[PDB]
Every structure is written in C-alpha cells, then in structure tokens.
Amino acid sequence: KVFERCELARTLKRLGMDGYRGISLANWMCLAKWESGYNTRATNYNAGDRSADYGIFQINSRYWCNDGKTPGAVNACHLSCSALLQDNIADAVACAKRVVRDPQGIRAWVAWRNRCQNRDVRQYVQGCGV
Ligand code: NA
C-alpha cells in the first residue's frame, strides 16, 4: 500500500505515535516519507552485509525482524519480517516503537539524521487534522 500523506498522519496518530518517547508526528512522517515514500511493501537488499530493509520504515533484519537468511541476526521485535510488508501497519508501528526504546531514539535511522534532524518538518502534517 502507498499511503497518501494525511491518510498516514492520521493512521500513525491512531496507533499512538504522536509524541511516543518524545518523537513528534511530523518526525515519523518525515522518516516514512524519506525511507519508502509511504510504501508498505518497499524492500531493500544490502548485498554488503546480507541483511534487508522492510516496509514503510525500512526496518532491518539484522536486529529487528527475522527473515531466516541474515547471518547471526536477532529478532528484537519478535516478528517475521513478512509482518513488516502488510498493508496494515500496526506491527510495523509496534516494531518502530521497539526501535526507539533503545538509546539512540529516532536517530536509529540514518535517513532521519540526513533529511529530518534540525529541519523544518512542520510541512509533513500540515492540513492533516492531527
Ligand atoms: Na533478524
């Protein structure tokens, strides 16, 4: 599923992401936008370390989900990476919360640091009623 901007902002808000561990909604939108263009079936193989990125937040298989083919990987979200490719983003949100529960917070994603950190992200939620 490829969400439309405001459609996703409201969906995230209903799943309890607004201010989760101090992270505003505009920040999660900027992250999703830059990670997959709001596409839940987005995937990326990293030939370098044999891991893969899954879903709207492009969560990696080395630490967060299990795909059975990543060397010595773990499954902190206790989910099959398949769960991160569904149109329904409930599981991806629960895992994204799990990610930010670690020391780095939203900084876990490099794209966030590159395109969202210290930037004007207000434009991502404007007009969405959130
Ligand atoms: Na894994």
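Would you work out the charge dipole size for the chain about its Cα centre, treating the Cβ of every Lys and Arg as +1 and the Cβ of every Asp and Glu as -1, and quote it to the nearest 20 debye? Walk me through the numbers before you get to the answer.
Numbers: 19 positive and 11 negative charges, 55 e Å.
About 260 debye.
Inverting the mean 1/r over all pairs of different Cα atoms, compute the Kirkwood radius of the chain and quote it in Å. Walk me through the intermediate numbers first.
Numbers: mean 1/r = 0.0681 Å⁻¹.
Kirkwood hydrodynamic radius for the chain: 14.7 Å.
Please figure out what share of the DSSP beta bridges in the chain is antiparallel and state it in percent, rounded to the nearest 5.
Numbers: 8 of 9 bridges.
The answer is about 90 percent antiparallel.
Which order results if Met17, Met29 are arranged by neighbouring Cβ count within 10 Å, fewest first? Before the final figure, lay out each step's value.
Numbers: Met17 21, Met29 25.
Ordered from fewest to most neighbouring Cβ atoms within 10 Å, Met17, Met29 come out as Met17, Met29.
Cα gyration tensor of the stretch 62-106, axes a ≥ b ≥ c as square roots of the eigenvalues: rounded (a/c below 1.5), prolate (a/b > b/c) or oblate? Working shown, then result.
On the way: a/c = 2.70, a/b = 1.06, b/c = 2.54.
Since a/c reaches 1.5 but b/c is at least a/b, the shape of the stretch 62-106 is classed as oblate.
Quote the relative contact order of the chain in percent (integer), defining contacts as alpha-carbon pairs under 8 Å separated by 6+ residues.
Values: 212 pairs, mean separation 36.4, N = 130.
Dividing the mean separation by the residue count of the chain yields 28 percent.
Report the extension gain between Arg115 and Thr43 in nm, rounded to one decimal, defined as 0.36 nm multiplied by the number of residues separating them, less their alpha carbon distance.
On the way: separation 72, 0.36 × 72 = 25.92 nm, distance 1.95 nm.
Length difference between fully extended and current span is 24.0 nm.
Can you pull the one-decimal nm distance between simple spin-label points at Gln86 and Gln104, each 7 Å off the Cα toward Cβ?
The two pseudo-label positions are separated by 2.5 nm.
Which whole-Hz couplings ³J(HN,Hα) result when phi for each residue of the stretch 53-64 is put into the Karplus expression 6.51 cos²θ - 1.76 cosθ + 1.60, θ = phi - 60°, listed in order with x for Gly and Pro?
Values, residue by residue: 9, 10, x, 4, 9, 6, 7, 7, 6, 5, 10, 9 Hz.
Whole-Hz ³J(HN,Hα) for each residue in the stretch 10-16, computed from phi via Karplus 6.51 cos²θ - 1.76 cosθ + 1.60 with θ = phi - 60°, x for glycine and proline: what do you get?
5, 4, 4, 4, 5, 8, x
Given H placed on each backbone N at 1.01 Å, which residues far from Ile59 in sequence or on other chains put an amide H within less than 5 Å of it?
Sorted by chain and number, the residues that satisfy this are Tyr54.
Give the long-range amide H neighbours of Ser51: residues separated by 5 or more places, or on another chain, with amide H under 5 Å away, using H modelled in the peptide plane at 1.01 Å from N.
Under 5 Å from the amide H of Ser51 lie the amide H atoms of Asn46, each far enough along the sequence or on another chain.
Which far-off residues, 5 or more places away or on another chain, put their amide H under 5 Å from the one on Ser24, with H placed in the peptide plane?
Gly19
If you build a Gaussian network model of the chain, linking Cα atoms that sit under 10 Å apart, which residue out of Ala32, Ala108, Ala47 swings the most?
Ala47
Each residue of the stretch 97-109 in turn: what ³J(HN,Hα) in whole Hz from Karplus with 6.51, -1.76, 1.60 and θ = phi - 60°, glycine and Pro shown as x?
Whole-Hz 3J(HN,Hα) from phi for the stretch 97-109: 5, 4, 4, 6, 6, 7, x, 5, x, 5, 5, 3, 8.
Net charge near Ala83, counting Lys/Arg +1 and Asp/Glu -1 over other residues with Cβ under 11 Å of its Cβ? Could you put the intermediate results ahead of the total?
Details: positive: none; negative: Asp67, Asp91.
Taking every other residue near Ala83 into account, the sum is -2.
A quick note on method: Cβ atoms are made from the backbone with ideal geometry, for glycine too, and the neighbour counts reach across all protein chains shown. Each value in this text was obtained by applying a stated rule to the coordinates, not by laboratory testing.
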